[PDB]
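Worksheet: one structure, shown below.
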Number of protein chains: 4
Amino acid sequence: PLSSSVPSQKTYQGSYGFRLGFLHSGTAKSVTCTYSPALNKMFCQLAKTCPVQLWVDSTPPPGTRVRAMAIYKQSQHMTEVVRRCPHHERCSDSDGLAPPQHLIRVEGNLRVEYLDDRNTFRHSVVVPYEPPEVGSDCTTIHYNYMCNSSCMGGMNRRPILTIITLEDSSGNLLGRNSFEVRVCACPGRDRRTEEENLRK
Amino acid sequence: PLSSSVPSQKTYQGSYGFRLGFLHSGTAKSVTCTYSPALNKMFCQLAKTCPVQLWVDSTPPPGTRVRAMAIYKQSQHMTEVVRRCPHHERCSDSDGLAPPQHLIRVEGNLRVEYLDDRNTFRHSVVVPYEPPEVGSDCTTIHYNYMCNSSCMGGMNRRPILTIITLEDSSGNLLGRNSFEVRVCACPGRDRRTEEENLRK
Amino acid sequence: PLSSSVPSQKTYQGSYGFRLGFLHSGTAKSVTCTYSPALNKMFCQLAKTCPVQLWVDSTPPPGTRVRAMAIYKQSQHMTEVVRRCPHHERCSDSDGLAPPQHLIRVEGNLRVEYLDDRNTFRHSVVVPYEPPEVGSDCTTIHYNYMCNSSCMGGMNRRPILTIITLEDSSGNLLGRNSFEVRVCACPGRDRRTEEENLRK
Amino acid sequence: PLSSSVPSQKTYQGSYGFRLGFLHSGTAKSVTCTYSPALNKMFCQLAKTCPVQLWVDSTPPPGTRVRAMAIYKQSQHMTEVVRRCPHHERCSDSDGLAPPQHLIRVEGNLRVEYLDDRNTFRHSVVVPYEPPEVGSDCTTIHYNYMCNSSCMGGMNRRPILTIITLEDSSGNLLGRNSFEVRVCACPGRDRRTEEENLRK
DNA sequence: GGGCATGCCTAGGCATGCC
DNA sequence: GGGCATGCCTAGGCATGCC
Ligand SMILES: [Zn+2]
Ligand SMILES: [Zn+2]
Ligand SMILES: [Zn+2]
Ligand SMILES: [Zn+2]
């Protein structure tokens with residue numbers, strides 16, 4: 001169905017200098033997850049690990065949370081809630097934690113929460129923010145996308161954005177970043193195709 | 001789910017000399033329904049008209065009915081009921097007569113009945129047999145197939161057979177014929193490919 | 001654990017001329033199921049369809065059943081019950097019909113029964129025998145093998161035989177045949193290797 | 001299952017100047033335990049003795065303990081508790097002291113304790129710290145690793161770190177060090193392979 | 001229709017156990 | 001200990017949708 005609103009996608013580093021980082025995976029045909037700096041776009045396979053690094057200039061307070069939400073990138077689809085297709089919704093692949101209709105999961109976090117917003121109807125997945133150890137320089141979260149961009153009755157070949165927000169314990173906004181996502185069978189092939197088309 | 005049984009597919013012309021016939025459509029691009037005599041296989045597009053001719057040596061009694069049912073061709077899948085995938089099942093394309101989950105519809109017949117067999121769980125579509133119209137030596141029935149062979153969560157790229165039975169009143173068997181079906185985007189392309197592969 | 005007995009493996013065509021047949025699949029590196037006439041040995045992948053044909057000279061009575069049981073081929077292992085390994089036993093792959101510890105499953109048959117013999121401790125899977133369609137010449141049963149021959153804590157790289165018995169309603173021996181089985185990742189590779197080694 | 005937390009792996013020599021040392025074993029393939037300074041990685045065979053030296057600049061107080069814990073090295077697996085596979089868990093190889101599911105054991109110490117943390121669900125093995133024997137400069141602990149890195153349903157080919165912590169009698173941190181571990185059939189072969197690949 | 005768009009299968013060859 | 005035994009991963013390439 002449709003949402004009454006559209007989540008802001010404006011980059012906002014905020015007080016803590018919140019930025020995203022991504023691994024340097026190349027574009028081998030079927031690399032599981034690869035990020036394009038040129039496009040600010042992640043290309044990844046269904047249900048595979050997608051590492052996203054959280055960078056901050058200073059450490060946010062305890063109780064700070066990290067939320068991920070997908071929206072359609074094209075303005076005419078923006079009000080449509082991004083959700084899994086009827087087939088994948090029904091298949092038996094829930095990890096015991098995630099609701100069957102949620103596109104975005106976090107893997108390997110017992111404290112994960114899945115929200116179905118009563119007012120906006122938007123799905124999101126939230127985990128507590130954890131600083132890195134004083135040595136290490138960033139915190140990595142591992143997302144799984146549970147449909148292909150092409151799934152009929154679902155994203156139906158429409159591009160999406162993932163919006164990552166840093167929130168305090170009440171859910172107030174601390175920072176925001178985003179990136180485009182294509183979930184597909186051949187991330188390396190598809191990334192090189194879209195990068196080539198930039199020259200066209 | 002699974003059926004307790006598998007419908008017989010044995011050709012049986014019976015007392016009335018029941019045979020099927022098909023149009024001579026070629027193998028072009030744009031072609032919505034084309035039949036391969038070499039493969040005894042119909043290639044057609046989703047929700048497009050598929051004419052099947054009923055030929056008989058003599059006219060069956062009034063009350064005679066014509067039933068169509070799909071089964072998976074591969075033996076290991078035979079017990080699985082052929083049905084629409086979750087996406088097409090949910091989309092809003094019912095013609096007001098056909099249940100949403102039935103793969104096979106008859107178009108242009110007010111006296112069409114759709115059965116969901118309580119014992120076998122098989123879907124089928126039945127119309128009254130009408131002797132041929134003045135000038136024709138055959139009665140034509142127009143079927144529509146409402147999922148592609150490739151629909152995930154549905155036929156999922158498994159070939160099917162359509163079994164056409166000539167039945168009497170009680171439902172007893174007067175005759176039987178069958179043909180393979182591929183529902184696909186490019187029937188002409190795919191027909192020529194499979195015919196070529198016959199030489200391989 | 002150990003069984004008190006060892007099932008006979010003697011070929012016995014019996015009154016009905018019971019024989020097995022197998023498809024002509026080649027030795028492509030990772031063909032899913034391929035049979036070696038030279039070795040009387042099936043090579044197949046885990047959980048993949050393995051067609052076995054039942055041939056008879058004349059039709060056994062209604063109520064006749066077909067049973068499959070694995071035993072270790074090497075004499076010193078013969079008394080050890082063939083079962084799934086601890087890992088596969090625990091994984092969530094049951095089809096709703098087969099107990100988790102059974103190596104051998106039948107796919108696509110609602111009337112399948114799984115037995116855990118109270119006296120011998122042997123596992124077996126049984127289905128009703130169904131004659132061929134009026135035209136057809138044999139009956140095909142589709143087995144799945146749910147561990148690799150190499151599974152540690154399970155078959156642990158020991159070869160097995162599958163024993164197929166034709167039985168009456170009561171369990172009385174009507175006929176018996178058998179074949180060796182290797183469940184492996186690359187059936188074609190492994191079949192060619194063992195066939196080559198015959199010359200060594 | 002998953003842990004709610006991830007143990008810190010930051011090196012911390014602390015007040016007592018806590019360091020690890022390892023023997024100079026070469027890579028004669030057969031070798032049962034060999035350490036790579038280039039990789040800070042131990043390569044060892046299942047259940048074989050793995051000497052780890054504890055070095056300190058000054059002697060920690062009586063009641064000081066030494067704890068070992070494994071975690072997955074890859075960030076996406078970090079929250080998954082490292083444990084033995086289902087096969088090795090079930091086999092009859094307990095030394096009378098170690099629980100069957102613990103990956104890491106200490107050999108030759110009657111005062112060994114095995115902990116299954118109620119809050120984190122992590123396994124660990126702890127012994128009292130003993131200053132070196134007179135004439136020795138370090139204290140050697142002998143660990144055994146009870147699965148191969150490749151065990152299916154266990155580590156499943158994922159690299160692990162062993163974290164060695166010096167803690168006081170309350171469990172408070174006095175010092176910490178770590179090393180990567182590969183448990184495998186051919187330590188010398190595999191060490192040379194990974195060292196060679198450093199140049200690639 | 002002719003060109004893509006885009007998922008699925010599999011042969012090759014690497015990873016890794018075994019005696 | 002070198003020679004295999006054997007499962008896993010994925011780039012090549014086809015299957016099949018789309019307009
Ligand atoms: Zn989907
Ligand atoms: Zn469909
Ligand atoms: Zn197994
Ligand atoms: Zn193990």
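Lettering and numbering for the structure tokens are positional, with chains as A, B, ... in the shown order, residues counted from 1 in each chain, and ligands counted from 1 in the shown order.
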Write out as a PyMOL selection string every residue belonging to chain E that has an atom at most 12 Å from any atom of chain C, counting only C-alpha atoms (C1' of nucleotides). chain E and resi 9-12+17-18
Keeping N, CA, C and O atoms (P, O5', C5', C4', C3', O3' and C1' of nucleotides) for every residue in the selection just given, could you write it to a file as a PDB file, in the first residue's frame?
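Here's the written file again.pdb:
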```
ATOM      1  P    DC E   9      18.430 -23.392 -11.258  1.00  0.00           P
ATOM      2  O5'  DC E   9      19.729 -23.787 -12.113  1.00  0.00           O
ATOM      3  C5'  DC E   9      19.504 -24.016 -13.501  1.00  0.00           C
ATOM      4  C4'  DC E   9      20.733 -24.509 -14.238  1.00  0.00           C
ATOM      5  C3'  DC E   9      21.515 -25.649 -13.599  1.00  0.00           C
ATOM      6  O3'  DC E   9      21.971 -26.438 -14.693  1.00  0.00           O
ATOM      7  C1'  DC E   9      22.944 -23.794 -13.870  1.00  0.00           C
ATOM      8  P    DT E  10      22.626 -27.887 -14.521  1.00  0.00           P
ATOM      9  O5'  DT E  10      24.195 -27.624 -14.680  1.00  0.00           O
ATOM     10  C5'  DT E  10      24.713 -27.175 -15.913  1.00  0.00           C
ATOM     11  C4'  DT E  10      26.204 -26.968 -15.767  1.00  0.00           C
ATOM     12  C3'  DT E  10      26.895 -28.035 -14.927  1.00  0.00           C
ATOM     13  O3'  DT E  10      28.152 -28.305 -15.491  1.00  0.00           O
ATOM     14  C1'  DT E  10      27.421 -25.939 -14.087  1.00  0.00           C
ATOM     15  P    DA E  11      28.515 -29.722 -16.130  1.00  0.00           P
ATOM     16  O5'  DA E  11      29.971 -29.394 -16.698  1.00  0.00           O
ATOM     17  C5'  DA E  11      30.069 -28.241 -17.537  1.00  0.00           C
ATOM     18  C4'  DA E  11      31.439 -27.588 -17.506  1.00  0.00           C
ATOM     19  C3'  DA E  11      32.632 -28.512 -17.417  1.00  0.00           C
ATOM     20  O3'  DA E  11      33.647 -27.847 -18.148  1.00  0.00           O
ATOM     21  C1'  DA E  11      32.486 -27.197 -15.412  1.00  0.00           C
ATOM     22  P    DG E  12      35.102 -28.482 -18.331  1.00  0.00           P
ATOM     23  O5'  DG E  12      35.931 -27.739 -17.194  1.00  0.00           O
ATOM     24  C5'  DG E  12      36.131 -26.349 -17.409  1.00  0.00           C
ATOM     25  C4'  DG E  12      36.647 -25.648 -16.173  1.00  0.00           C
ATOM     26  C3'  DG E  12      37.992 -26.160 -15.669  1.00  0.00           C
ATOM     27  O3'  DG E  12      38.866 -25.040 -15.600  1.00  0.00           O
ATOM     28  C1'  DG E  12      36.450 -25.973 -13.894  1.00  0.00           C
ATOM     29  P    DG E  17      41.094 -29.793   6.404  1.00  0.00           P
ATOM     30  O5'  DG E  17      40.814 -31.365   6.461  1.00  0.00           O
ATOM     31  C5'  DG E  17      39.457 -31.782   6.311  1.00  0.00           C
ATOM     32  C4'  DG E  17      39.387 -33.227   5.859  1.00  0.00           C
ATOM     33  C3'  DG E  17      40.304 -34.141   6.648  1.00  0.00           C
ATOM     34  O3'  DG E  17      39.568 -35.271   7.044  1.00  0.00           O
ATOM     35  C1'  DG E  17      40.825 -34.222   4.290  1.00  0.00           C
ATOM     36  P    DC E  18      40.255 -36.399   7.932  1.00  0.00           P
ATOM     37  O5'  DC E  18      40.926 -37.424   6.906  1.00  0.00           O
ATOM     38  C5'  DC E  18      40.144 -38.139   5.980  1.00  0.00           C
ATOM     39  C4'  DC E  18      41.090 -38.969   5.137  1.00  0.00           C
ATOM     40  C3'  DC E  18      42.104 -39.715   5.995  1.00  0.00           C
ATOM     41  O3'  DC E  18      41.949 -41.095   5.758  1.00  0.00           O
ATOM     42  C1'  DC E  18      43.175 -38.595   4.182  1.00  0.00           C
TER      43       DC E  18
END
```
Report the residues of range 16-197 of chain C whose backbone DSSP state falls under strand (DSSP E), written as a VMD selection string. chain C and resid 19 to 21 33 to 36 41 to 44 50 to 55 65 to 72 104 to 106 113 to 116 123 to 128 139 to 145 160 to 167 173 to 183
Residue nearest ligand 3 among D:171, D:84, D:152, D:181 (counting only C-alpha atoms and all ligand atoms): D:152
Counting only C-alpha atoms (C1' of nucleotides) and all ligand atoms, which protein, DNA or RNA residues come within 7 Å of ligand 2, given as a PDB file with N, CA, C and O atoms, in the first residue's frame?
```
ATOM      1  N   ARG B  84      -1.327 -21.108 -10.247  1.00  0.00           N
ATOM      2  CA  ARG B  84      -0.679 -19.823 -10.482  1.00  0.00           C
ATOM      3  C   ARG B  84       0.309 -19.498  -9.360  1.00  0.00           C
ATOM      4  O   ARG B  84       0.143 -19.958  -8.241  1.00  0.00           O
ATOM      5  N   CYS B  85       1.356 -18.741  -9.683  1.00  0.00           N
ATOM      6  CA  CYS B  85       2.324 -18.279  -8.695  1.00  0.00           C
ATOM      7  C   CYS B  85       1.671 -17.245  -7.783  1.00  0.00           C
ATOM      8  O   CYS B  85       0.617 -16.699  -8.118  1.00  0.00           O
ATOM      9  N   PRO B  86       2.300 -16.963  -6.628  1.00  0.00           N
ATOM     10  CA  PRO B  86       1.735 -16.056  -5.624  1.00  0.00           C
ATOM     11  C   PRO B  86       1.504 -14.644  -6.154  1.00  0.00           C
ATOM     12  O   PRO B  86       0.538 -14.000  -5.753  1.00  0.00           O
ATOM     13  N   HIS B  87       2.364 -14.167  -7.046  1.00  0.00           N
ATOM     14  CA  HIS B  87       2.170 -12.840  -7.600  1.00  0.00           C
ATOM     15  C   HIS B  87       0.920 -12.758  -8.483  1.00  0.00           C
ATOM     16  O   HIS B  87       0.060 -11.908  -8.272  1.00  0.00           O
ATOM     17  N   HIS B  88       0.812 -13.641  -9.471  1.00  0.00           N
ATOM     18  CA  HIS B  88      -0.332 -13.588 -10.381  1.00  0.00           C
ATOM     19  C   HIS B  88      -1.637 -13.968  -9.703  1.00  0.00           C
ATOM     20  O   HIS B  88      -2.707 -13.471 -10.051  1.00  0.00           O
ATOM     21  N   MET B 146      -2.377 -18.346 -17.545  1.00  0.00           N
ATOM     22  CA  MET B 146      -2.304 -17.130 -16.736  1.00  0.00           C
ATOM     23  C   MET B 146      -1.010 -16.975 -15.904  1.00  0.00           C
ATOM     24  O   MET B 146      -0.932 -16.115 -15.021  1.00  0.00           O
ATOM     25  N   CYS B 147      -0.019 -17.818 -16.185  1.00  0.00           N
ATOM     26  CA  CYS B 147       1.336 -17.669 -15.658  1.00  0.00           C
ATOM     27  C   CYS B 147       2.313 -18.119 -16.726  1.00  0.00           C
ATOM     28  O   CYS B 147       1.997 -19.019 -17.515  1.00  0.00           O
ATOM     29  N   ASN B 148       3.495 -17.510 -16.750  1.00  0.00           N
ATOM     30  CA  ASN B 148       4.587 -18.016 -17.574  1.00  0.00           C
ATOM     31  C   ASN B 148       5.119 -19.303 -16.976  1.00  0.00           C
ATOM     32  O   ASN B 148       5.066 -19.483 -15.765  1.00  0.00           O
ATOM     33  N   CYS B 151       7.398 -18.587 -14.002  1.00  0.00           N
ATOM     34  CA  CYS B 151       6.975 -17.909 -12.773  1.00  0.00           C
ATOM     35  C   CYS B 151       7.549 -18.558 -11.508  1.00  0.00           C
ATOM     36  O   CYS B 151       7.325 -19.750 -11.233  1.00  0.00           O
ATOM     37  N   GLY B 154       5.637 -20.696  -8.814  1.00  0.00           N
ATOM     38  CA  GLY B 154       4.568 -21.320  -9.575  1.00  0.00           C
ATOM     39  C   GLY B 154       5.131 -22.477 -10.372  1.00  0.00           C
ATOM     40  O   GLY B 154       5.735 -23.384  -9.808  1.00  0.00           O
TER      41      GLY B 154
END
```
Interface list for chain A, partner chain C, 12 Å threshold, only C-alpha atoms, as number ranges by chain: A: 92-93, 95
Run DSSP on the backbone and give me the residues of range 4-103 of chain C it puts in alpha helix (DSSP H), as a ChimeraX atom specification. /C:86-90
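As for CA of residue 163 in chain D and CA of residue 9 in chain D, they are spaced 6.5 Å apart.
The gap separating CA of residue 2 in chain A from CA of residue 75 in chain A is 13.2 Å, in Å to one decimal.
CA of residue 65 in chain D sits 4.8 Å away from CA of residue 129 in chain D.
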If you count only C-alpha atoms (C1' of nucleotides), which residues fall within 6 Å of residue 125 in chain A, apart from same-chain ones fewer than 3 positions away, as a PyMOL selection string? chain A and resi 67-68+113-114
Using only C-alpha atoms (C1' of nucleotides), which protein or nucleic acid residues come within 8 Å of residue 72 in chain A? Drop anything in the same chain fewer than 6 positions from it, and give the result as a PyMOL selection string. chain A and resi 78-82+158-161
Identify, on the basis of only C-alpha atoms (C1' of nucleotides), every residue whose closest approach to range 38-44 of chain C does not exceed 8 Å; exclude the query and any residue fewer than 3 positions from it along the same chain; express the result as an MDAnalysis selection string. chainID C and resid 31:35 48 50 179:188 190:191 195
Excluding same-chain residues fewer than 5 positions from residue 52 in chain D, what lies within 6 Å of it counting only C-alpha atoms (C1' of nucleotides), as JSON, numbers by chain? {"D": [22, 140, 141]}
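Restricting the calculation to only C-alpha atoms and all ligand atoms, the smallest distance between ligand 4 and any of C:110, C:153, C:162, C:13 is found for C:153.
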